[PDB]
Protein chains: 2
Amino acid sequence: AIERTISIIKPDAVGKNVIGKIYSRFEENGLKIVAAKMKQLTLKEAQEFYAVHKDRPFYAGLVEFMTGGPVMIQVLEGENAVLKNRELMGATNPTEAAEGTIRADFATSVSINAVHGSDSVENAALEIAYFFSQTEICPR
Amino acid sequence: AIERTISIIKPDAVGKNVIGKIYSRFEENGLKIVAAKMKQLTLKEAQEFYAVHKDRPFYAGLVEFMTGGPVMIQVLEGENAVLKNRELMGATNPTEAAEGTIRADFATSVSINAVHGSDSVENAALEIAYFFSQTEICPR
């Protein structure tokens, strides 16, 4: 079944200017970019988007990281898109990420890890609606 | 001088899912993406953006082609950004386009030519202002 999921290219990978390499990792693996925008997240936006982590020690650092520079946000469409996005992303620890994943290639550390992707069908709907209106999605 | 120019990945290249490979052409040559959005152009938008060609024979076809599917629009930043973008795009006719250029690798014909870029600094300011507010630009 065809799904839609959010991807965020974090300020580290934007700062490395590897947006295109990451985009090609999706495009060459059966996912299509159907919405996209570059954005400077506010503190409130980073805090709300990651509110699920608000009581964890890494939260303050994560919000600082995610507001420290611009991000590239896109909706990816394709079969099994939620789990396929996460497979292409790889494990958060770059040492453990499988060869050929985005984090294997571009992540600095388990915290500075290049990409976010929605982790479930429900979470993809919420995250897409957080950053996009439906009218911002462009069917092919 | 550190300029800003507009780039459009046209619906042919978007439909081919080579947004990433085109972005890498910009990024791997020093250009930085400082604003970006995927958009479905309206008839009026394509007509106004290309109004300089309204009296030319290819005007009607150019408008149809640019509205047949979504485009990817981005502002590229870097020294000599206007000319550098045009160098990376290559000649309009893919037969005359140099090896390794965008049109040499991704353009279909002189009319289905994969990419647009501003032709002058003054036209770059107008074209950027047409599709983006200044608040949508994300300096690094």
# chains A, B, ... in the order shown; residues from 1 in each chain; ligands from 1
call {"tool": "calpha_fit_and_write", "arguments": {"fixed": "chain B", "moving": "chain A", "output": "CSV table (one decimal) with N, CA and C atoms, in the first residue's frame"}}
result
chain,number,residue,atom,x,y,z
A,1,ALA,N,31.9,38.0,-5.2
A,1,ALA,CA,30.8,38.4,-4.4
A,1,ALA,C,29.7,37.3,-4.3
A,2,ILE,N,29.1,37.2,-3.1
A,2,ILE,CA,28.0,36.2,-2.9
A,2,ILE,C,26.7,36.8,-3.5
A,3,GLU,N,26.0,36.0,-4.3
A,3,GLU,CA,24.7,36.3,-4.9
A,3,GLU,C,23.7,35.3,-4.6
A,4,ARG,N,22.4,35.6,-4.9
A,4,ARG,CA,21.3,34.7,-4.8
A,4,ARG,C,20.6,34.6,-6.1
A,5,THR,N,20.2,33.4,-6.6
A,5,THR,CA,19.6,33.3,-7.8
A,5,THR,C,18.5,32.2,-7.7
A,6,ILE,N,17.5,32.3,-8.5
A,6,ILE,CA,16.4,31.2,-8.5
A,6,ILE,C,16.8,30.1,-9.4
A,7,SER,N,16.5,28.9,-9.0
A,7,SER,CA,16.5,27.7,-9.8
A,7,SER,C,15.1,27.1,-9.8
A,8,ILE,N,14.6,26.6,-10.9
A,8,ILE,CA,13.4,25.9,-11.0
A,8,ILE,C,13.7,24.5,-11.7
A,9,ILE,N,13.4,23.4,-11.0
A,9,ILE,CA,13.4,22.1,-11.6
A,9,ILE,C,12.1,21.8,-12.2
A,10,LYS,N,12.0,21.7,-13.5
A,10,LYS,CA,10.8,21.7,-14.3
A,10,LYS,C,10.0,20.4,-14.1
A,11,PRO,N,8.8,20.3,-14.6
A,11,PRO,CA,8.0,19.1,-14.4
A,11,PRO,C,8.6,17.9,-15.0
A,12,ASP,N,9.4,18.0,-16.1
A,12,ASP,CA,10.1,16.8,-16.6
A,12,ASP,C,11.1,16.2,-15.6
A,13,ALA,N,11.9,17.1,-15.0
A,13,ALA,CA,12.9,16.5,-14.1
A,13,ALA,C,12.4,16.1,-12.8
A,14,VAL,N,11.3,16.8,-12.3
A,14,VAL,CA,10.6,16.3,-11.2
A,14,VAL,C,10.0,14.9,-11.5
A,15,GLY,N,9.3,14.8,-12.6
A,15,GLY,CA,8.7,13.5,-13.0
A,15,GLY,C,9.7,12.4,-13.2
A,16,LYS,N,11.0,12.8,-13.5
A,16,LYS,CA,12.1,11.7,-13.6
A,16,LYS,C,12.6,11.4,-12.2
A,17,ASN,N,12.2,12.1,-11.2
A,17,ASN,CA,12.7,11.9,-9.8
A,17,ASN,C,14.2,12.0,-9.7
A,18,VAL,N,14.7,13.1,-10.3
A,18,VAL,CA,16.1,13.4,-10.2
A,18,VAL,C,16.3,14.7,-9.5
A,19,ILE,N,15.4,15.1,-8.7
A,19,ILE,CA,15.6,16.3,-7.9
A,19,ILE,C,16.9,16.3,-7.1
A,20,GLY,N,17.2,15.1,-6.5
A,20,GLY,CA,18.4,15.0,-5.7
A,20,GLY,C,19.7,15.1,-6.5
A,21,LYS,N,19.7,14.5,-7.6
A,21,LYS,CA,20.9,14.6,-8.5
A,21,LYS,C,21.1,16.0,-8.9
A,22,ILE,N,20.1,16.7,-9.2
A,22,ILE,CA,20.2,18.1,-9.6
A,22,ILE,C,20.7,19.0,-8.4
A,23,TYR,N,20.0,18.7,-7.2
A,23,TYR,CA,20.4,19.4,-6.0
A,23,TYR,C,21.9,19.2,-5.7
A,24,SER,N,22.4,18.0,-5.9
A,24,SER,CA,23.8,17.7,-5.7
A,24,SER,C,24.7,18.4,-6.7
A,25,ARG,N,24.2,18.7,-7.9
A,25,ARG,CA,25.0,19.4,-8.8
A,25,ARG,C,25.3,20.9,-8.3
A,26,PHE,N,24.3,21.5,-7.7
A,26,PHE,CA,24.5,22.7,-7.0
A,26,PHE,C,25.4,22.6,-5.8
A,27,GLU,N,25.1,21.7,-4.9
A,27,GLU,CA,25.7,21.6,-3.6
A,27,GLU,C,27.2,21.3,-3.7
A,28,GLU,N,27.6,20.4,-4.7
A,28,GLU,CA,29.0,20.1,-4.9
A,28,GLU,C,29.7,21.1,-5.7
A,29,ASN,N,29.1,22.2,-6.1
A,29,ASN,CA,29.8,23.3,-6.8
A,29,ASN,C,29.6,24.6,-6.1
A,30,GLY,N,29.6,24.6,-4.8
A,30,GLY,CA,29.7,25.9,-4.1
A,30,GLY,C,28.5,26.7,-4.0
A,31,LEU,N,27.3,26.1,-4.3
A,31,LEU,CA,26.1,26.8,-4.1
A,31,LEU,C,25.3,26.2,-3.0
A,32,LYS,N,24.6,27.0,-2.2
A,32,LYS,CA,23.8,26.5,-1.0
A,32,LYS,C,22.4,26.7,-1.3
A,33,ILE,N,21.5,25.8,-0.9
A,33,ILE,CA,20.1,25.9,-0.9
A,33,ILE,C,19.7,26.7,0.3
A,34,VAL,N,19.2,27.9,0.1
A,34,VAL,CA,18.7,28.7,1.2
A,34,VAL,C,17.2,28.9,1.3
A,35,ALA,N,16.5,28.5,0.2
A,35,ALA,CA,15.0,28.5,0.3
A,35,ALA,C,14.6,27.5,-0.7
A,36,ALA,N,13.4,26.9,-0.5
A,36,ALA,CA,13.0,25.8,-1.4
A,36,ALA,C,11.6,25.5,-1.2
A,37,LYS,N,10.8,25.1,-2.2
A,37,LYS,CA,9.5,24.6,-2.0
A,37,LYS,C,9.0,24.0,-3.3
A,38,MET,N,8.2,22.9,-3.2
A,38,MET,CA,7.6,22.3,-4.3
A,38,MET,C,6.2,22.9,-4.5
A,39,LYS,N,5.9,23.1,-5.8
A,39,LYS,CA,4.7,23.9,-6.1
A,39,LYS,C,4.1,23.5,-7.4
A,40,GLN,N,2.8,23.5,-7.5
A,40,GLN,CA,2.1,23.3,-8.7
A,40,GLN,C,1.7,24.7,-9.3
A,41,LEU,N,2.4,25.1,-10.4
A,41,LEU,CA,2.1,26.4,-10.9
A,41,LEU,C,0.8,26.5,-11.6
A,42,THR,N,0.1,27.6,-11.4
A,42,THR,CA,-1.1,27.9,-12.1
A,42,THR,C,-0.8,28.4,-13.5
A,43,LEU,N,-1.8,28.5,-14.3
A,43,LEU,CA,-1.6,29.1,-15.7
A,43,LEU,C,-1.1,30.5,-15.5
A,44,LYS,N,-1.8,31.3,-14.7
A,44,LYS,CA,-1.4,32.7,-14.5
A,44,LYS,C,0.0,32.8,-14.0
A,45,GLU,N,0.4,32.0,-13.1
A,45,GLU,CA,1.8,32.1,-12.6
A,45,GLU,C,2.8,31.8,-13.7
A,46,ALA,N,2.6,30.7,-14.5
A,46,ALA,CA,3.5,30.4,-15.6
A,46,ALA,C,3.5,31.5,-16.6
A,47,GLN,N,2.3,32.0,-16.9
A,47,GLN,CA,2.3,33.1,-17.9
A,47,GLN,C,3.0,34.4,-17.5
A,48,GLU,N,2.8,34.7,-16.2
A,48,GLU,CA,3.4,35.9,-15.7
A,48,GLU,C,4.9,35.8,-15.5
A,49,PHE,N,5.3,34.6,-15.0
A,49,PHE,CA,6.8,34.4,-14.8
A,49,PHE,C,7.5,34.5,-16.2
A,50,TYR,N,6.9,33.9,-17.2
A,50,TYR,CA,7.5,34.0,-18.6
A,50,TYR,C,6.9,35.0,-19.5
A,51,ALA,N,6.4,36.1,-18.9
A,51,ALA,CA,5.7,37.1,-19.7
A,51,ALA,C,6.6,37.7,-20.7
A,52,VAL,N,7.9,37.7,-20.5
A,52,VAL,CA,8.9,38.3,-21.5
A,52,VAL,C,8.8,37.6,-22.8
A,53,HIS,N,8.3,36.4,-22.9
A,53,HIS,CA,8.2,35.5,-24.1
A,53,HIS,C,6.8,35.5,-24.7
A,54,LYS,N,5.9,36.4,-24.1
A,54,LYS,CA,4.5,36.2,-24.4
A,54,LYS,C,4.1,36.3,-25.9
A,55,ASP,N,5.0,37.0,-26.7
A,55,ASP,CA,4.7,37.1,-28.1
A,55,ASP,C,5.5,36.1,-29.0
A,56,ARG,N,6.0,35.1,-28.4
A,56,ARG,CA,6.8,34.2,-29.2
A,56,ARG,C,6.0,32.9,-29.4
A,57,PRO,N,6.3,32.2,-30.5
A,57,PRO,CA,5.6,31.0,-30.8
A,57,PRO,C,5.6,29.9,-29.7
A,58,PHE,N,6.7,29.8,-29.0
A,58,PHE,CA,6.9,28.7,-28.1
A,58,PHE,C,6.2,28.9,-26.8
A,59,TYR,N,5.6,30.1,-26.6
A,59,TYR,CA,5.1,30.6,-25.3
A,59,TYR,C,3.9,29.7,-24.8
A,60,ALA,N,2.9,29.4,-25.7
A,60,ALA,CA,1.8,28.6,-25.3
A,60,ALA,C,2.3,27.2,-24.8
A,61,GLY,N,3.2,26.6,-25.6
A,61,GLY,CA,3.7,25.3,-25.2
A,61,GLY,C,4.5,25.3,-23.9
A,62,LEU,N,5.2,26.4,-23.7
A,62,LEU,CA,6.0,26.5,-22.5
A,62,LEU,C,5.1,26.6,-21.3
A,63,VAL,N,4.1,27.4,-21.3
A,63,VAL,CA,3.1,27.5,-20.2
A,63,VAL,C,2.5,26.2,-19.9
A,64,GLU,N,2.1,25.5,-21.0
A,64,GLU,CA,1.5,24.2,-20.8
A,64,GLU,C,2.4,23.2,-20.2
A,65,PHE,N,3.7,23.2,-20.7
A,65,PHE,CA,4.7,22.4,-20.0
A,65,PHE,C,4.9,22.7,-18.6
A,66,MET,N,5.0,24.0,-18.2
A,66,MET,CA,5.4,24.4,-16.9
A,66,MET,C,4.2,24.2,-15.9
A,67,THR,N,3.0,24.1,-16.4
A,67,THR,CA,1.8,23.8,-15.5
A,67,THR,C,1.4,22.4,-15.5
A,68,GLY,N,2.1,21.5,-16.3
A,68,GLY,CA,1.7,20.2,-16.5
A,68,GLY,C,2.0,19.2,-15.4
A,69,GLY,N,2.8,19.6,-14.4
A,69,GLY,CA,3.1,18.9,-13.3
A,69,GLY,C,3.9,19.8,-12.3
A,70,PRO,N,4.2,19.2,-11.1
A,70,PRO,CA,4.8,20.1,-10.1
A,70,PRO,C,6.2,20.4,-10.4
A,71,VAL,N,6.7,21.5,-9.8
A,71,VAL,CA,8.1,22.0,-10.0
A,71,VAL,C,8.7,22.1,-8.6
A,72,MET,N,10.0,22.1,-8.6
A,72,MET,CA,10.8,22.3,-7.4
A,72,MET,C,11.5,23.6,-7.5
A,73,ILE,N,11.3,24.6,-6.6
A,73,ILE,CA,11.8,25.9,-6.7
A,73,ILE,C,12.7,26.1,-5.5
A,74,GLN,N,13.9,26.7,-5.8
A,74,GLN,CA,14.8,26.9,-4.7
A,74,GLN,C,15.6,28.2,-5.0
A,75,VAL,N,16.1,28.9,-4.0
A,75,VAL,CA,17.1,29.9,-4.1
A,75,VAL,C,18.4,29.4,-3.8
A,76,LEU,N,19.4,29.6,-4.7
A,76,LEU,CA,20.8,29.2,-4.5
A,76,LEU,C,21.6,30.4,-4.2
A,77,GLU,N,22.5,30.2,-3.2
A,77,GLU,CA,23.4,31.2,-2.7
A,77,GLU,C,24.8,30.8,-2.8
A,78,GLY,N,25.7,31.7,-3.3
A,78,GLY,CA,27.1,31.5,-3.4
A,78,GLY,C,27.8,32.5,-4.3
A,79,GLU,N,29.1,32.4,-4.4
A,79,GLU,CA,29.8,33.3,-5.3
A,79,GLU,C,29.4,33.2,-6.7
A,80,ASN,N,29.2,34.3,-7.4
A,80,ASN,CA,28.8,34.3,-8.8
A,80,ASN,C,27.6,33.4,-9.1
A,81,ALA,N,26.7,33.4,-8.2
A,81,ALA,CA,25.6,32.3,-8.2
A,81,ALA,C,24.8,32.4,-9.5
A,82,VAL,N,24.5,33.6,-10.0
A,82,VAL,CA,23.7,33.7,-11.2
A,82,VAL,C,24.3,33.0,-12.3
A,83,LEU,N,25.6,33.4,-12.6
A,83,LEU,CA,26.2,32.8,-13.8
A,83,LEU,C,26.7,31.4,-13.5
A,84,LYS,N,27.0,31.0,-12.3
A,84,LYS,CA,27.4,29.7,-12.0
A,84,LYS,C,26.2,28.7,-12.1
A,85,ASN,N,25.0,29.1,-11.7
A,85,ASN,CA,23.8,28.3,-11.9
A,85,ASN,C,23.7,28.0,-13.4
A,86,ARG,N,23.8,29.1,-14.2
A,86,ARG,CA,23.6,28.9,-15.7
A,86,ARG,C,24.6,28.0,-16.3
A,87,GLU,N,25.9,28.1,-15.8
A,87,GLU,CA,26.9,27.2,-16.3
A,87,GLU,C,26.6,25.8,-15.9
A,88,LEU,N,26.2,25.5,-14.7
A,88,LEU,CA,25.9,24.1,-14.3
A,88,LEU,C,24.6,23.6,-15.0
A,89,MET,N,23.7,24.5,-15.4
A,89,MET,CA,22.5,24.1,-16.2
A,89,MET,C,22.9,23.6,-17.5
A,90,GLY,N,23.8,24.4,-18.2
A,90,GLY,CA,24.2,24.1,-19.6
A,90,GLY,C,23.3,24.7,-20.6
A,91,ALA,N,23.7,24.6,-21.9
A,91,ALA,CA,22.9,25.2,-23.0
A,91,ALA,C,21.6,24.4,-23.1
A,92,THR,N,20.6,25.2,-23.6
A,92,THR,CA,19.2,24.6,-23.6
A,92,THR,C,19.1,23.4,-24.5
A,93,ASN,N,19.9,23.4,-25.6
A,93,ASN,CA,19.9,22.2,-26.5
A,93,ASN,C,20.7,21.1,-25.9
A,94,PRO,N,20.0,20.0,-25.5
A,94,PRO,CA,20.8,18.9,-24.8
A,94,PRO,C,21.9,18.3,-25.6
A,95,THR,N,21.8,18.4,-26.9
A,95,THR,CA,22.9,17.9,-27.7
A,95,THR,C,24.2,18.8,-27.6
A,96,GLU,N,24.0,20.1,-27.3
A,96,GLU,CA,25.1,21.0,-27.2
A,96,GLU,C,25.5,21.3,-25.8
A,97,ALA,N,24.7,21.0,-24.8
A,97,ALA,CA,25.1,21.2,-23.4
A,97,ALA,C,26.4,20.4,-23.1
A,98,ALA,N,27.3,21.1,-22.4
A,98,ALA,CA,28.6,20.5,-22.1
A,98,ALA,C,28.5,19.3,-21.2
A,99,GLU,N,29.4,18.4,-21.3
A,99,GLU,CA,29.4,17.2,-20.5
A,99,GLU,C,29.4,17.6,-19.0
A,100,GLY,N,28.5,16.9,-18.3
A,100,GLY,CA,28.4,17.1,-16.9
A,100,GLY,C,27.4,18.2,-16.4
A,101,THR,N,26.8,18.9,-17.4
A,101,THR,CA,25.8,19.8,-17.0
A,101,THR,C,24.4,19.1,-16.8
A,102,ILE,N,23.5,19.8,-16.1
A,102,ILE,CA,22.2,19.3,-15.8
A,102,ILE,C,21.5,19.0,-17.1
A,103,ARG,N,21.5,19.8,-18.1
A,103,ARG,CA,20.8,19.5,-19.3
A,103,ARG,C,21.4,18.4,-20.1
A,104,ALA,N,22.7,18.3,-20.1
A,104,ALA,CA,23.4,17.2,-20.8
A,104,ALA,C,22.8,15.9,-20.2
A,105,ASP,N,22.6,15.8,-18.8
A,105,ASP,CA,22.2,14.6,-18.2
A,105,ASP,C,20.7,14.3,-18.2
A,106,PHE,N,19.9,15.4,-18.1
A,106,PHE,CA,18.5,15.2,-17.8
A,106,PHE,C,17.5,15.9,-18.7
A,107,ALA,N,18.0,16.7,-19.7
A,107,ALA,CA,17.1,17.4,-20.6
A,107,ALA,C,16.7,16.5,-21.7
A,108,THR,N,15.4,16.6,-22.1
A,108,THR,CA,14.8,15.8,-23.2
A,108,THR,C,15.0,16.6,-24.6
A,109,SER,N,14.7,17.9,-24.6
A,109,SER,CA,14.8,18.6,-25.8
A,109,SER,C,15.1,20.1,-25.5
A,110,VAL,N,15.3,20.9,-26.5
A,110,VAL,CA,15.6,22.3,-26.2
A,110,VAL,C,14.4,23.0,-25.5
A,111,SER,N,13.2,22.5,-25.7
A,111,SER,CA,12.1,23.0,-24.9
A,111,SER,C,11.8,22.3,-23.6
A,112,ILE,N,12.0,20.9,-23.6
A,112,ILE,CA,11.8,20.2,-22.4
A,112,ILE,C,13.1,20.0,-21.8
A,113,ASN,N,13.6,21.0,-21.0
A,113,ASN,CA,15.0,21.2,-20.8
A,113,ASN,C,15.3,21.2,-19.3
A,114,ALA,N,14.5,20.6,-18.4
A,114,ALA,CA,14.8,20.2,-17.1
A,114,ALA,C,14.9,21.3,-16.0
A,115,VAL,N,15.5,22.5,-16.4
A,115,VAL,CA,15.7,23.5,-15.4
A,115,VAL,C,15.5,24.9,-16.0
A,116,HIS,N,15.2,25.9,-15.1
A,116,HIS,CA,15.3,27.3,-15.3
A,116,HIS,C,16.3,27.9,-14.3
A,117,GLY,N,17.0,28.9,-14.7
A,117,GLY,CA,17.7,29.7,-13.8
A,117,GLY,C,17.7,31.2,-14.2
A,118,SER,N,17.7,32.1,-13.2
A,118,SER,CA,17.7,33.5,-13.5
A,118,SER,C,18.9,33.8,-14.3
A,119,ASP,N,18.7,34.8,-15.2
A,119,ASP,CA,19.8,35.1,-16.2
A,119,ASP,C,20.6,36.4,-16.0
A,120,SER,N,20.3,37.1,-14.9
A,120,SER,CA,21.0,38.3,-14.5
A,120,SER,C,20.7,38.6,-13.1
A,121,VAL,N,21.5,39.5,-12.5
A,121,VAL,CA,21.3,39.9,-11.1
A,121,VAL,C,20.0,40.6,-10.9
A,122,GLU,N,19.6,41.5,-11.8
A,122,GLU,CA,18.3,42.1,-11.7
A,122,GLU,C,17.2,41.0,-11.9
A,123,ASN,N,17.3,40.1,-12.8
A,123,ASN,CA,16.3,39.1,-13.0
A,123,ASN,C,16.2,38.2,-11.8
A,124,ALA,N,17.3,37.9,-11.2
A,124,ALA,CA,17.3,37.0,-10.0
A,124,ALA,C,16.5,37.6,-8.9
A,125,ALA,N,16.6,38.9,-8.7
A,125,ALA,CA,15.9,39.6,-7.6
A,125,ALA,C,14.4,39.5,-7.9
A,126,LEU,N,14.0,39.8,-9.1
A,126,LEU,CA,12.6,39.8,-9.5
A,126,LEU,C,12.0,38.4,-9.4
A,127,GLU,N,12.8,37.3,-9.8
A,127,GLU,CA,12.2,36.0,-9.8
A,127,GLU,C,12.1,35.4,-8.4
A,128,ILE,N,13.1,35.7,-7.6
A,128,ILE,CA,13.1,35.3,-6.2
A,128,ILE,C,11.9,35.9,-5.5
A,129,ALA,N,11.7,37.2,-5.7
A,129,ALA,CA,10.6,37.9,-5.1
A,129,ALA,C,9.2,37.4,-5.6
A,130,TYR,N,9.2,36.9,-6.8
A,130,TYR,CA,8.0,36.4,-7.4
A,130,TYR,C,7.5,35.2,-6.6
A,131,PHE,N,8.4,34.2,-6.3
A,131,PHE,CA,8.0,33.0,-5.7
A,131,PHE,C,8.2,33.0,-4.1
A,132,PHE,N,9.1,33.8,-3.6
A,132,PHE,CA,9.4,33.8,-2.2
A,132,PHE,C,9.2,35.2,-1.5
A,133,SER,N,8.8,35.1,-0.3
A,133,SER,CA,9.0,36.3,0.6
A,133,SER,C,10.4,36.2,1.2
A,134,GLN,N,10.9,37.4,1.6
A,134,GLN,CA,12.2,37.3,2.2
A,134,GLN,C,12.2,36.4,3.5
A,135,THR,N,11.1,36.4,4.2
A,135,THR,CA,11.0,35.5,5.4
A,135,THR,C,11.1,34.0,5.1
A,136,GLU,N,11.0,33.6,3.8
A,136,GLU,CA,11.1,32.2,3.4
A,136,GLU,C,12.6,31.8,3.2
A,137,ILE,N,13.5,32.8,3.1
A,137,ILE,CA,14.9,32.5,2.9
A,137,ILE,C,15.5,32.2,4.3
A,138,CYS,N,16.3,31.2,4.4
A,138,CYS,CA,16.8,30.7,5.6
A,138,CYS,C,18.3,30.8,5.6
A,139,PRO,N,18.9,31.8,6.3
A,139,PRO,CA,20.4,31.9,6.4
A,139,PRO,C,20.9,30.8,7.3
A,140,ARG,N,22.1,30.3,7.0
A,140,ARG,CA,22.7,29.2,7.6
A,140,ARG,C,23.2,29.6,9.0
call {"tool": "select_by_dssp", "arguments": {"residues": "chain A", "states": "strand (DSSP E)", "output": "ChimeraX atom specification"}}
result
/A:2-9,32-39,71-79,115-117
call {"tool": "write_last_selection", "arguments": {"atoms": "C-alpha atoms", "output": "short mmCIF file (atom, residue, chain, number, x, y, z; two decimals), in the first residue's frame"}}
result
data_model
loop_
_atom_site.label_atom_id
_atom_site.label_comp_id
_atom_site.auth_asym_id
_atom_site.auth_seq_id
_atom_site.Cartn_x
_atom_site.Cartn_y
_atom_site.Cartn_z
CA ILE A 2 1.14 3.54 -0.82
CA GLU A 3 1.80 5.70 2.25
CA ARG A 4 3.06 9.20 3.01
CA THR A 5 5.63 10.00 5.67
CA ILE A 6 7.58 13.05 6.77
CA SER A 7 11.32 13.39 6.41
CA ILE A 8 13.37 16.16 7.98
CA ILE A 9 16.95 16.80 6.92
CA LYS A 32 8.68 10.32 -4.40
CA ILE A 33 8.95 13.87 -3.07
CA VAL A 34 5.38 15.22 -3.08
CA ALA A 35 5.87 18.21 -0.77
CA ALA A 36 8.94 20.05 0.40
CA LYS A 37 10.12 23.27 1.99
CA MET A 38 13.16 24.72 3.70
CA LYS A 39 12.37 26.23 7.07
CA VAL A 71 16.10 22.23 7.94
CA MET A 72 14.72 20.69 4.76
CA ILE A 73 11.27 19.15 5.24
CA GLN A 74 9.55 16.92 2.70
CA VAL A 75 6.70 14.46 2.40
CA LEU A 76 7.77 11.16 0.83
CA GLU A 77 5.22 8.98 -0.96
CA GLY A 78 5.49 5.31 -1.92
CA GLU A 79 4.85 1.72 -0.89
CA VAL A 115 17.56 12.98 9.54
CA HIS A 116 14.18 12.47 11.19
CA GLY A 117 11.41 10.30 9.84
#
call {"tool": "select_by_dssp", "arguments": {"residues": "range 66-95 of chain A", "states": "alpha helix (DSSP H)", "output": "ChimeraX atom specification"}}
result
/A:66-67,81-89
call {"tool": "decode", "arguments": {"residues": "range 58-109 of chain A", "atoms": "C-alpha atoms", "output": "PDB file, in the first residue's frame"}}
result
ATOM      1  CA  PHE A  58      18.486  14.979  25.714  1.00  0.00           C
ATOM      2  CA  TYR A  59      15.440  17.169  25.030  1.00  0.00           C
ATOM      3  CA  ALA A  60      17.013  20.574  25.661  1.00  0.00           C
ATOM      4  CA  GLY A  61      19.985  19.700  23.467  1.00  0.00           C
ATOM      5  CA  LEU A  62      17.741  18.316  20.730  1.00  0.00           C
ATOM      6  CA  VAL A  63      15.682  21.526  20.570  1.00  0.00           C
ATOM      7  CA  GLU A  64      18.875  23.601  20.470  1.00  0.00           C
ATOM      8  CA  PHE A  65      20.229  21.407  17.665  1.00  0.00           C
ATOM      9  CA  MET A  66      17.029  21.512  15.634  1.00  0.00           C
ATOM     10  CA  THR A  67      16.707  25.327  15.860  1.00  0.00           C
ATOM     11  CA  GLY A  68      20.409  25.991  15.304  1.00  0.00           C
ATOM     12  CA  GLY A  69      20.137  26.180  11.523  1.00  0.00           C
ATOM     13  CA  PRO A  70      17.672  25.598   8.682  1.00  0.00           C
ATOM     14  CA  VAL A  71      16.099  22.227   7.938  1.00  0.00           C
ATOM     15  CA  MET A  72      14.720  20.686   4.761  1.00  0.00           C
ATOM     16  CA  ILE A  73      11.265  19.147   5.237  1.00  0.00           C
ATOM     17  CA  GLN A  74       9.555  16.919   2.704  1.00  0.00           C
ATOM     18  CA  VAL A  75       6.698  14.459   2.404  1.00  0.00           C
ATOM     19  CA  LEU A  76       7.771  11.159   0.830  1.00  0.00           C
ATOM     20  CA  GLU A  77       5.218   8.976  -0.965  1.00  0.00           C
ATOM     21  CA  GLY A  78       5.490   5.307  -1.916  1.00  0.00           C
ATOM     22  CA  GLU A  79       4.849   1.724  -0.889  1.00  0.00           C
ATOM     23  CA  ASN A  80       5.627   1.078   2.800  1.00  0.00           C
ATOM     24  CA  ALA A  81       6.890   4.663   2.914  1.00  0.00           C
ATOM     25  CA  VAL A  82       6.924   4.964   6.714  1.00  0.00           C
ATOM     26  CA  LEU A  83       9.107   1.922   7.339  1.00  0.00           C
ATOM     27  CA  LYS A  84      11.076   2.296   4.101  1.00  0.00           C
ATOM     28  CA  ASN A  85      12.063   5.844   5.087  1.00  0.00           C
ATOM     29  CA  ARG A  86      13.321   4.571   8.443  1.00  0.00           C
ATOM     30  CA  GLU A  87      15.219   1.719   6.775  1.00  0.00           C
ATOM     31  CA  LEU A  88      16.991   4.167   4.448  1.00  0.00           C
ATOM     32  CA  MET A  89      17.720   6.465   7.406  1.00  0.00           C
ATOM     33  CA  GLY A  90      19.406   3.710   9.405  1.00  0.00           C
ATOM     34  CA  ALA A  91      19.956   3.323  13.126  1.00  0.00           C
ATOM     35  CA  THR A  92      20.583   6.531  15.054  1.00  0.00           C
ATOM     36  CA  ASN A  93      24.063   5.473  16.143  1.00  0.00           C
ATOM     37  CA  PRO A  94      26.222   6.069  13.022  1.00  0.00           C
ATOM     38  CA  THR A  95      28.590   3.285  14.080  1.00  0.00           C
ATOM     39  CA  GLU A  96      25.670   0.819  13.993  1.00  0.00           C
ATOM     40  CA  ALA A  97      23.801   2.157  10.949  1.00  0.00           C
ATOM     41  CA  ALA A  98      23.897  -0.343   8.095  1.00  0.00           C
ATOM     42  CA  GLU A  99      26.167   0.340   5.136  1.00  0.00           C
ATOM     43  CA  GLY A 100      24.506   2.607   2.593  1.00  0.00           C
ATOM     44  CA  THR A 101      22.070   4.267   4.981  1.00  0.00           C
ATOM     45  CA  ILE A 102      21.782   8.023   5.353  1.00  0.00           C
ATOM     46  CA  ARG A 103      23.158   7.967   8.883  1.00  0.00           C
ATOM     47  CA  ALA A 104      26.034   5.668   7.964  1.00  0.00           C
ATOM     48  CA  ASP A 105      27.055   8.260   5.383  1.00  0.00           C
ATOM     49  CA  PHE A 106      26.168  11.611   6.956  1.00  0.00           C
ATOM     50  CA  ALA A 107      25.443  11.328  10.705  1.00  0.00           C
ATOM     51  CA  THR A 108      27.978  12.714  13.195  1.00  0.00           C
ATOM     52  CA  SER A 109      26.683  11.102  16.399  1.00  0.00           C
TER      53      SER A 109
END
